[PDB]
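Structure first, commentary second.
There are 2 protein chains.
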Amino acid sequence: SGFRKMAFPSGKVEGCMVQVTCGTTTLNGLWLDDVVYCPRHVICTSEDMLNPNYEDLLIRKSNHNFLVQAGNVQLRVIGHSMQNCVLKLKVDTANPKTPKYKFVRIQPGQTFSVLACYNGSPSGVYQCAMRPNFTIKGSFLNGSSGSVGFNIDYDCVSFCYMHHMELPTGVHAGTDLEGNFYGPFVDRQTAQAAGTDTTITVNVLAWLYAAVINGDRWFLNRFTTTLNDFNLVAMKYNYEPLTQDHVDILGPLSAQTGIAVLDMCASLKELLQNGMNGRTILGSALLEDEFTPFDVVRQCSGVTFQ
Amino acid sequence: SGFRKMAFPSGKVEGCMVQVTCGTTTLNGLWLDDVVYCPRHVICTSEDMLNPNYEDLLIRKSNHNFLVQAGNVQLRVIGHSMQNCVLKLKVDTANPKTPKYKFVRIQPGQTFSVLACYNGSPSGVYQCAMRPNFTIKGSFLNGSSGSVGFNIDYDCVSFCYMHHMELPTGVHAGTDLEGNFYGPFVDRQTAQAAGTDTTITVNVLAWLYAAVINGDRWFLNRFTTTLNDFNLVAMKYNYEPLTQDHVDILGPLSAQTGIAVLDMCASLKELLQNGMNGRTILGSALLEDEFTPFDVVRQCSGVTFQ
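Okay, structure coming up:
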C-alpha cells in the first residue's frame, strides 16, 4: 500500500555526468560512448546571453577551449560540433560506464526523472511531467544546465530532456538530446511566453484509479457522463480534452478496478465543480496530474530495473 | 527557482542491494563489506508470521539454507546470526561496490530517501519523513522488505532505515540497521496501534521559509506570537510543540529571509485557524511537513554529492 511520487533509480545516469567548462562558464554534460552532450550556451558569457549569435561565438572556440572533467580526470576533446541547441564534444575515451541508452522526444503529459546536477555532480533526483505547454516545474539553480531527464525500461535508459533555461516566470525549459527545444522557447535571456498551462486529464484519471486501488474512494459518485459532456467541463477548468486514445490507455486500470472510464470521468467532473470540501486524496488536497497510466501500473505492480 | 521533494542520488545504494531467499520466502538484503543485512522474517512462512518464535525458527536453519544472489552471481554464506530484528549473513566475498557508510538511528521528524526494491532489484526512489509516531507513509508492496532508507553526506551513505512491515492501517514500520524497530512495533502479523500522527512543526516552518525564498508569500501576515501562545494553537491542531532548539535550527533561514522565527510562527497560526482559502503554497494545498530545515538549505544552495 501507499502511493508516492517515485523517481527512477539514478545510478546508470550518475555514471554519465561530467563537468564542462568553456572560458569562465561551467555547466553539466552527458558523457555517452566517446561524445559529451551539453547546452551550447556553455560558450556564452552573461552578456552574450542577452542576444547570442551562437554560430559566430562558436567559431571563436577550438577543441582545446572546452574543458571536460569526469570526476578528477580530464577528458581530451578531439572534435566539436553544434546540433541545434546542444554541443557534441568528441573525446578520445569512451565512457566505460555508458549504459544501454536511447534518445527519445517525449509527448506533453509524459513524465520522467530529473537528476539535478551542479559542476558535474548529482544533487538529487525527482519525478517531473512535461507540461502541456512544454515547460517543466523543476527545481533548478544557476549552474544546473545540462542536467538530464530520463526514463528506464529494464536496463535501457531513454534520455528525453536536457535542462537549459529558467523563464522569468520561474518555470523551466530545455531540449531533447538532439538539441531541439520543447515548446517555442529559445536559448536567449529575453522574455518568453509560455501559453496557458492546462491540467493533464488522463493523468488525473490514472491517479484517481491509483487512489481507488489504495482504498481512497470517498469521491466515487453515482453519476456517469459522455466524452463530449465531460470535455465541456474540462474546457471550463483548463483541463486537456479527453480522447478515445486516452480512454483506451486507461482500460487496464478500469479493468482492475471495475470502474468504467466514463464513470470515473463523472467523478472527476463532480470534483471540479464541487471541489474537495477540505478532504484529501492519496494525501493531496488538489488533483494530481504528474502520474501517467503507465506510472500507476508500474508502481502498483512493483516493476524493477537492472 | 522551484522547490521539489528531491531524493538523494541512489547509485551508491543500488550497488549494495541483493536478493535473499530462505525456503520459499524472498526479500531484499543489503550487502556491505562481507555481511548481508536483511529482515529476520525471511525465515518465516505466511503461517509463521501470525506468531513467530524467531529463536526457535532460526535454530532450524543452517548457513546453506540462505540463498543470497547479487545480480546473476550467488554469494557463499559462511555464517549467520540474529541481531534484534535483522539477520547478518557473513559471506565469503566483500562487496566490491561498498560505499563509505555509517549506521545511524534517526529522530522522528528527520527525512531520508527510500530505494524501494523487489527481488534484490530497484524499482524507484523517493523522499520520506519518519513520522512523530515512528511510522512512515511509504509506497511498499509484498516483497519490498529489506529495502533501505538513507541520507548521503558527500561520499558517505548513512543508512537509517530497513523496511519490515505494513500495518493493517496501511502505513509502514521498520528498523534501524542494528535491527531495533522505530516505535513500538514488532515483526508479527497482528494488529498494532500507531498512536496519534502529529505534524512536524519545525519542518512546516522550514517549508514556509522555502516558499518565501521562491517568492510565494501571500501568507505572510502582520502578526507575531510567543512560543507558549503558538504552542497553544499547535496542540489544538495536533502539531508538535515548538522548542527553542527548533527556533535555533531555523536561524539560518530566518537570517536569509529577514523574517523572525516567531513572526513566521504567527503566519503559520493564521494558516491553521483560517485555512488556505483555496490557495496554494509551492504548489501544495496543504501544509507540507517532509522538508527539514537542512533539506531546505541543501536544495536552495545546490549541495552535491560524490
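Heads up: the sequence lines are chains A and A', in that order. A prime marks a further copy of an entry chain.
270 is the number that the deposited numbering gives to position 270 of the first sequence; each next residue is one higher, with no gaps.
211 is the number that the deposited numbering gives to position 211 of the second sequence; each next residue is one higher, with no gaps.
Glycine is no exception: its CB is placed at the ideal position from the N, C-alpha and C atoms.
Counting of Cβ neighbours within 10 angstroms places A':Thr135 among the buried residues, the total reaching 16 or more. Ranked by Cα distance from A:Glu178, the options A:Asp295, A:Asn95, A:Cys85 and A:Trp207 are led by A:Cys85.
Contact annotation: A':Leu58 and A':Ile43 have beta-carbon atoms nearer than 9 Å.
Under the three-pair Cβ rule at 8 Å, the segment 225-243 of chain A' counts as touching the segment 262-279 of chain A'. If you look at A:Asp153, you'll find it in the beta strand (DSSP E) that goes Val148 to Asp153. Listed along the chain, the chain A' residues whose CB falls inside 8 Å of the CB of A:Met6 are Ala116, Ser123, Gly124, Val125, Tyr126 and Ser139. Comparing alpha carbon positions, the residue from A:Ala94, A:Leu141, A:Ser158 and A:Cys300 closest to A:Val13 is A:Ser158. The continuous alpha helix (DSSP H) containing A':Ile213 extends over residues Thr201 to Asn214. By the criterion of a C-beta distance shorter than 7 Å, A:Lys97 is surrounded in its chain by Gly15 and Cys16, once the five residues flanking it on both sides are discounted.
Membership of A':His41 in any alpha helix (DSSP H) is not indicated, and neither H nor E is assigned to it by DSSP. The C-beta of A':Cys156 comes no closer than 9 Å to any C-beta of chain A. One Cα belongs to A':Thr243, the other to A:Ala191, and the distance between them is close to 45 Å. In this structure, A':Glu290 is the residue among A':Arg279, A':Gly302, A':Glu290 and A':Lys90 with its C-alpha nearest to the C-alpha of A':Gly109.
Straight through space, the alpha carbons of A:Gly174 and A:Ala94 are spaced by roughly 26 Å. As the crow flies, the alpha-carbon of A':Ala194 is around 21 Å from that of A':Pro39. DSSP places A:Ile259 outside both helix and strand once states are collapsed to three, so it counts as coil. In the DSSP assignment, A:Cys300 falls outside any beta strand (DSSP E) and lies within the alpha helix (DSSP H) extending over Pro293 to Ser301.
For the segment 273-298 of chain A', residues whose beta-carbon sits nearer than 9 Å to a beta-carbon of chain A comprise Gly275, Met276, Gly278, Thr280, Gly283, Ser284, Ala285, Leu286 and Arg298.
If you check each beta-carbon in the segment 183-217 of chain A against every beta-carbon of chain A', the ones closer than 9 Å belong to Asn214 and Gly215.
By the Cβ neighbour-count rule, A:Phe223 is exposed, with fewer than 16 other Cβ atoms within 10 Å of its own. Taking the C-beta atoms as reference points, A:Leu141 is found nearer than 9 Å to A':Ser301.
Here A:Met162 is not near A:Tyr54, since their CB atoms are 9 Å or more apart. The beta-carbon of A:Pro9 is placed less than 9 Å from the nearest beta-carbon of chain A'. Contact annotation for A:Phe305 against chain A': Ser121, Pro122 and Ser123 [CB-CB distance below 8 Å, chain order].
In the DSSP assignment, A:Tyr182 falls outside any alpha helix (DSSP H), carrying neither H nor E. When the beta-carbon positions are compared, A':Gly2 and A:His172 come within less than 9 Å of each other.
In the structure shown, A':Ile106 falls within a coil segment according to DSSP collapsed to helix, strand and coil. Boundaries of the alpha helix (DSSP H) harbouring A:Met235: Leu227 to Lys236, taken from the DSSP string. Going by beta carbons, A:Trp218 and A:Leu287 fall outside the 9 Å limit. 9 Å or more divides the Cβ of A:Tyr209 from the Cβ of A:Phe305. Annotation: A':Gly29 is outside any alpha helix (DSSP H); the continuous beta strand (DSSP E) that includes it extends over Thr25 to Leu32.
The beta carbon of A':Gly109 does not come within 9 Å of any beta carbon belonging to chain A, so the residue lies off that interface.
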